[PDB]
Protein chains: 2
Amino acid sequence: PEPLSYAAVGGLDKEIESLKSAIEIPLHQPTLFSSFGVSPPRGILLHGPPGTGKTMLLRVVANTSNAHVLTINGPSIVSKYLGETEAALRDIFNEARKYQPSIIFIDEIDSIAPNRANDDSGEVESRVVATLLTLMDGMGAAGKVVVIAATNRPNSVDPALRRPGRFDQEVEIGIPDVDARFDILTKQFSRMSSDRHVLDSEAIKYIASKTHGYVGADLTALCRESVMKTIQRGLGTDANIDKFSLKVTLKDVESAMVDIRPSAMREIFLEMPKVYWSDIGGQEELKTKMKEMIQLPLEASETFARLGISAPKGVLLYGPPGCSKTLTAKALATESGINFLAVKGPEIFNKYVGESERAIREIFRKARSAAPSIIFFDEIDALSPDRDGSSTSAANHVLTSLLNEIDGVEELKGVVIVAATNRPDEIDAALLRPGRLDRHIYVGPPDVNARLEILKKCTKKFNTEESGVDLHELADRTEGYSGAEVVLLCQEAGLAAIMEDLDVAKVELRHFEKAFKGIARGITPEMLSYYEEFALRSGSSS
Amino acid sequence: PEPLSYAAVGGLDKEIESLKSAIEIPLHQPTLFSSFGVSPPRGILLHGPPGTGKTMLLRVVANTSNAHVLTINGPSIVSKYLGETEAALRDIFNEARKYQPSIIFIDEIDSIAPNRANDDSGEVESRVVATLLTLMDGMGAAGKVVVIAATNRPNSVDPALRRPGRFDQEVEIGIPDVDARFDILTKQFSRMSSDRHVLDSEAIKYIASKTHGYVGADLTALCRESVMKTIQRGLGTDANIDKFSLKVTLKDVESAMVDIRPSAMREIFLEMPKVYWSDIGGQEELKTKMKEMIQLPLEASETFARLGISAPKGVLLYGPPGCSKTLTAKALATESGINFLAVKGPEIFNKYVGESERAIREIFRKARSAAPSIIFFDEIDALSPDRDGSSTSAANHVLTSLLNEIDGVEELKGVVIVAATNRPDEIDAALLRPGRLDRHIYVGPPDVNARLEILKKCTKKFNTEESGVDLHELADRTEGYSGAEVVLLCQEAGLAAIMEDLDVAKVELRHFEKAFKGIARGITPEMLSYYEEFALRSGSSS
Ligand SMILES: [C][C][C]S(=O)(=O)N1N=[C]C2=C([C]=C([C])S2)[B@@]1([O])O[C]1[C]([O])[C]([C]OP([O])(=O)OP([O])(=O)OP([O])([O])=S)O[C]1N1[C]=NC2=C1N=[C]N=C2[N]
Ligand SMILES: [C][C][C]S(=O)(=O)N1N=[C]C2=C([C]=C([C])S2)[B@@]1([O])O[C]1[C]([O])[C]([C]OP([O])(=O)OP([O])(=O)OP([O])([O])=S)O[C]1N1[C]=NC2=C1N=[C]N=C2[N]
Ligand SMILES: Nc1ncnc2c1ncn2[C@@H]1O[C@H](COP(=O)(O)OP(=O)(O)OP(O)(O)=S)[C@@H](O)[C@H]1O
Ligand SMILES: Nc1ncnc2c1ncn2[C@@H]1O[C@H](COP(=O)(O)OP(=O)(O)OP(O)(O)=S)[C@@H](O)[C@H]1O
């Protein structure tokens, strides 16, 4: 029995500190809030997607805090009929009250008081929510009691429990980021002695990098699976190997990766990978314009206010498919340092009725929470009201929610909305009017310098100068290819290289010639003329 | 009471070894990786389509493991009300814990804790899932207890029992393949003495070949019916035959097949028959091209990585209806030696809203699991968003799932997606953009050499050279035919042969002339123009 400690928790140090404060300020000294004449906040609710580390945090709070732990075991104290159940829970609260200081732990409130939905059994669920409200109505500002709550989904909890003055302090324990994933991995692999874990910190970098979707508990599972497969490699050599100290290795960790893949973020707003400005080929004009028109307003708020001008509220990127738009937004995300929440088009539109408006609401709330922030909307084309009557019940509602959140700049100061599209017309004109998503930047097919840069980025691994191919004739021969077609031309050239030989280490011009014959232009002059005719009708930066 | 052994199980050797490993490492050697610091797995799940051999596997594991088995008999220990039921299951777990080492068998979790669906009676189902989780929360890292549970459909089980750090380890027992079917039949017919079973191993090969949809129990059922129909023939000669040792013959086994088939396999991800490169008439250019751009990337990954190019992810086969597309894909499957998941177009798009999402997610999970693999999407034309508002609820969701899943290059190193559409224009352009299903290959009507080879393959059985018909005048006379049209020309010639005589063994040019009169070209110049037009608009390998 090793008692847990805050060193065991990982990747949540920010909200670890927040929860520690929300426990220490009450439960150790309510006199402070007695002086300031507000009822002390009784009730901290730990949100979070499943497996993020709630229950572990509750256990570590119980172990670390010197107060007395009490538990509402959900069903495990509710009796057959509620007449004894309500008495039992009141008895729990009273026993906490007599032995102040005390903490009441409620796990899985969704399994206790979800009375908003249809599953509210008036004999059971309504009674439980009623008694929760009734006793939560008072424990005494002088009382040294606190209620802590953990739910895998908050909105399932009825709004009645989440009214203010009830348990309403909130700690949003969320999906770990890349650095948080590294923290969790380092702690987990330090739980085992470093002898058996032969992975240098660079290996942990790598495994954290390839564990995008994984959340919390999942990572421990990964480590556990690694153990198993390591043991299996001990048996794969010969069954007679009963010797211990078989090291766990990086290769074992991917071999585990391929098989664990449990429930984690695949229906959550995407955190995109890391790309720098160097990866993007040229387009220095667009790079400068984006750097300015996004990063500068978020880092010049005092200067903008001094000048009597509101900051730009929204920039819309439009260009032929393949040209660097998602990559440019990702690069801005990676090396602008601003919090950057991105959502694909369809992944928010589908979001069956109500879930769409809720999703827009929560994305904007999160954007406001961690200001300054950039909300990236890839393919606004999805959120288009330009369809038949079926769109009136889905597209119109989401469009008007987006409009209502976009406007009202008084509450929007550290938020910039960057949208991307390849079908600019089908973006409802109510969203490209002045005062709204109004700056329009046209990406367009890359110019010759940018194309040459893309070549040099993608042709570097296979010999070019000492293979007799000069990239400039390729660059001026590939006029009109969108950047995707340029990188595909490089890929097809490599495919010809492996065509002619399995272990070749050299790429000739004839391979590029075959590739260039094989690839067809994807940007017809129709599409170009389309984009300038949208440029004339545009609002800003035509 | 014959004791079950692993010799009785068949066609699951890989899964058998995995389960034996997952039962030996705990339950015999907990210390051997309690040192490693991770919590032991402690709870393994056996998936499987109904009748694929779960319950037998549990019985054999019980009868071969020296620990003591305890059975949660589902309802057979659940009482009238859950107050005694939860106590009884706690008592079961405690009696296991005291008598370490112990195994706890849960059969049909779905009949126990399916609380994710509407059939959750909060008095029963919620209580049972709650007591599971609450007791699954702790068994003791040194507690030599293991849970094994089996389900007929996993997703019906809630995510709560399938969180990690929990009842986690999964063993997938699937529909047996052809070789596994041979193994199961060999074991079944060797259970009965070889005297009664007069079928040489070749006959067993044949019967396994023509039992595509049969799974597991079904095959045993087949044997039963064989027995039954065999003794029916014992009564077919004369009722006085009470003599034993009536051999079971092959013909009896097919006569059983015509009746045994229940609804065991549904529109499951399809396994396709075997066709060799020799079967496909000519098309040597397409032979080489497909061989390279599919098999070569999946077998020279290190060379591609060394060269700085990503392997080609997707090949779309577009050709007129009749030319060898599905046949070419099947040939690649059969004699490329790579795992070949393949699902038809209409059988995934038109299932349901969430069912389609789940289908694509699971097909790609399976493709990743057994890498390298080739996902074949025959007739993506079904997955088309080019319809009315009804497509906004079905087509958009399925297409965005496909795009999101195929854009995951970071963990998609050993998968290639091959598609085959007969009208390529109705594929959403987002699925043919570079970086996605992008290499386009045109199959097209067979050239003269291919037509000659097709004839030679289909005319071999009935005499051609010594019948006075030379295949080259046929070959150059049948310009414009699709390959299917050519094989049907051969079939119609045979039909005229059996017209003019019931037991003929000779086909003359006049029969072919009648057939050639009776066949119209299904490949209009309009269709060839359409395909050339899509070629000029394509992305790669135009
Ligand atoms: C790993 C690396 C990362 S990245 O770069 O991003 N990538 N990945 C993978 C792949 C590729 C390609 C291929 C063929 S495969 B990559 O490279 O990609 C990239 C990007 O992504 C592209 C484009 O995209 P975006 O951005 O999106 O564009 P768009 O199309 O416009 O949008 P949408 O959504 O579609 S409307 O491409 C590429 N790149 C690179 N670099 C570059 C490019 N492009 C252009 N330009 C340049 N510079
Ligand atoms: C038994 C043998 C097997 S198979 O070959 O496959 N078959 N079977 C049956 C039959 C036939 C015919 C008839 C009239 S009856 B068979 O032969 O078939 C075959 C195949 O299958 C066909 C074609 O297919 P595909 O590929 O699929 O086409 P398409 O349309 O493209 O697809 P889809 O689905 O529609 S999109 O035909 C035949 N063959 C054979 N060989 C050949 C052929 N074709 C062509 N070519 C060649 N070489
Ligand atoms: N930093 C961490 N974040 C998350 N989980 C962690 C972390 N460090 C260790 N873990 C392990 O992850 C698991 C977390 O379990 P839980 O706390 O039950 O997850 P969860 O948030 O409770 O999911 P629920 O209770 O179903 S909403 C435990 O096995 C911990 O040992
Ligand atoms: N190798 C084998 N694979 C599958 N079934 C086999 C095999 N060998 C024999 N069988 C027979 O298959 C039958 C299937 O029994 P079960 O294990 O109950 O099937 P099942 O998996 O339990 O189906 P469900 O999911 O419980 S409805 C057994 O009774 C055996 O007689």
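Okay, here's what the table says:
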| quantity | calculated |
| --- | --- |
| Selected residue (only one of B:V409, B:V416, B:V398 is away from ligand 3 (no atom under 16 Å from the Cβ), in contact (Cβ under 8 Å) with a residue 60 or more places away in the chain, aliphatic (A, V, I, L, M) and surrounded by 18 or more Cβ atoms within 10 Å (Cβ to Cβ)) | B:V416 |
| Candidate set from the stretch A:226-243 (those that are in contact (Cβ under 8 Å) with a residue 12 or more places away in the chain and more than 9 Å from chain B (Cβ to nearest Cβ)); member that is farthest from the chain's Cα centre (by Cα) | A:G234 |
| Contacts under 6 angstrom Cβ, first residue in the stretch B:520-541 being touching a residue at least 40 places away in the same chain (Cβ under 8 Å), partner surrounded by fewer than 19 Cβ atoms within 10 Å (Cβ to Cβ) and in a helix (DSSP H, G or I), 6 or more apart | B:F534/B:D425 |
| Residues that are more than 17 Å from A:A484 (Cβ to Cβ), within 11 Å of another protein chain (Cβ to nearest Cβ) and basic (K, R), drawn from the stretch A:503-532 | A:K506, A:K514, A:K517 |
| Given (1) away from every other protein chain (no Cβ under 14 Å); (2) under 23 Å from A:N404 (Cα atoms); (3) within 16 Å of ligand 1 (Cβ to nearest atom), index of the condition A:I309 fails | (3) |
| Helices (runs of 4 or more DSSP H) fully within the stretch A:1-92 counting 1 or more residues that are within 14 Å of chain B (Cβ to nearest Cβ) and either of a type in the set (F, W, Y) or within 16 Å of ligand 3 (Cβ to nearest atom) (or both) | A:54-64 |
| Some residue of the stretch B:434-442 being of a type in the set (S, T, Y) and more than 27 Å from B:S529 (Cβ to Cβ) | no |
| Lone qualifier among A:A430, A:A496, A:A484 - being within 14 Å of another protein chain (Cβ to nearest Cβ), out of contact with any strand residue (DSSP E or B) (no Cβ under 8 Å at 6 or more places or on another chain), part of a helix (DSSP H, G or I) and under 30 Å from A:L402 (Cβ atoms) | A:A484 |
| Out of B:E284, B:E292, sole residue that is within 13 Å of chain A (Cβ to nearest Cβ) and among the acidic types (D, E) | B:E292 |
| Within the stretch A:59-72, considering residues that are of a type in the set (S, T, N, Q) and farther than 14 Å from A:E95 by Cβ, the one farthest from the chain's Cα centre (by Cα) | A:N66 |
| Unmet requirement for A:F304, which otherwise passes all of (1) within 22 Å of A:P434 (Cβ to Cβ); (2) within 13 Å of chain B (Cβ to nearest Cβ); (3) surrounded by fewer than 20 Cβ atoms within 10 Å (Cβ to Cβ) | (2) |
| Qualifying residue in the stretch A:385-395 (condition: surrounded by 16 or more Cβ atoms within 10 Å (Cβ to Cβ) and hydroxyl-bearing (S, T, Y)) | yes |
| Which listed residue is farther than 26 Å from A:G53 by Cβ, buried (at least 20 other Cβ atoms within 10 Å of the Cβ) and either within 14 Å of chain A (Cβ to nearest Cβ) or away from ligand 2 (no atom under 16 Å from the Cβ) (or both), from B:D120, B:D177, B:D107 | B:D107 |
| Options B:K351, B:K366, B:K289, B:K344; residue that is surrounded by fewer than 21 Cβ atoms within 10 Å (Cβ to Cβ) and over 25 Å from the mean Cα position of the chain (by Cα) | B:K289 |
| Failed item in (1) within 16 Å of ligand 3 (Cβ to nearest atom); (2) within 23 Å of B:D120 (Cβ to Cβ); (3) in contact (Cβ under 8 Å) with a residue 40 or more places away in the chain, with B:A150 passing the rest | (1) |
| Verdict on B:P30 being within 15 Å of ligand 4 (Cβ to nearest atom), in contact (Cβ under 8 Å) with a residue 40 or more places away in the chain and farther than 18 Å from B:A149 by Cβ | no |
| Hey, B:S540 within 24 Å of B:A430 (Cα to Cα) and within 14 Å of chain A (Cβ to nearest Cβ) or not | yes |
| Hey, B:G319 in contact (Cβ under 8 Å) with a residue 24 or more places away in the chain and in contact with a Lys or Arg (Cβ under 6 Å, 6 or more places away or on another chain) or not | yes |
| The stretch A:198-218: number of residues that are over 12 Å from A:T249 (Cα atoms), in a helix (DSSP H, G or I) and either more than 9 Å from chain B (Cβ to nearest Cβ) or in contact with a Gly (Cβ under 9 Å, 6 or more places away or on another chain) (or both) | 7 |
| Verdict on B:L27 being surrounded by 15 or more Cβ atoms within 10 Å (Cβ to Cβ) and within 22 Å of B:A221 (Cβ to Cβ) | no |
| Residue among A:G138, A:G122 that is free of Cβ contacts under 8 Å to residues at least 12 places away in the same chain, farther than 23 Å from B:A117 by Cβ and not in a helix (DSSP H, G or I) | A:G138 |
| Residue identified as away from chain A (no Cβ under 14 Å) and either surrounded by 22 or more Cβ atoms within 10 Å (Cβ to Cβ) or over 29 Å from the mean Cα position of the chain (by Cα) (or both) among B:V147, B:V129 | B:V147 |
| Test: residue in the stretch B:253-265 that is under 25 Å from B:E379 (Cα atoms) and touching a strand residue (DSSP E or B) at 6+ places or on another chain (Cβ under 7 Å) | no |
| Helices (runs of 4 or more DSSP H) contained in the stretch B:326-401 and holding at least 1 residues out of contact with any helix residue (DSSP H, G or I) (no Cβ under 9 Å at 6 or more places or on another chain) and within 14 Å of chain A (Cβ to nearest Cβ) | B:353-369 |
| Those residues of the stretch A:477-507 which are in contact with a helix residue (DSSP H, G or I) (Cβ under 6 Å, 6 or more places away or on another chain) and among the acidic types (D, E), in sequence order | A:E492 |
| Breaking point among (1) within 16 Å of ligand 2 (Cβ to nearest atom); (2) of a type in the set (S, T, N, Q); (3) within 21 Å of B:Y214 (Cα to Cα), for B:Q283 | (3) |
| Scope the stretch B:244-277; condition over 20 Å from the mean Cα position of the chain (by Cα) and exposed (fewer than 10 other Cβ atoms within 10 Å of the Cβ); matching residues | B:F244, B:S245, B:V258 |
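Values quoted throughout were computed directly from the atomic coordinates according to the rules given, and no laboratory measurement underlies them. Cβ coordinates were reconstructed from backbone atoms using ideal geometry, including for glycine residues, and neighbour counts include every protein chain displayed.
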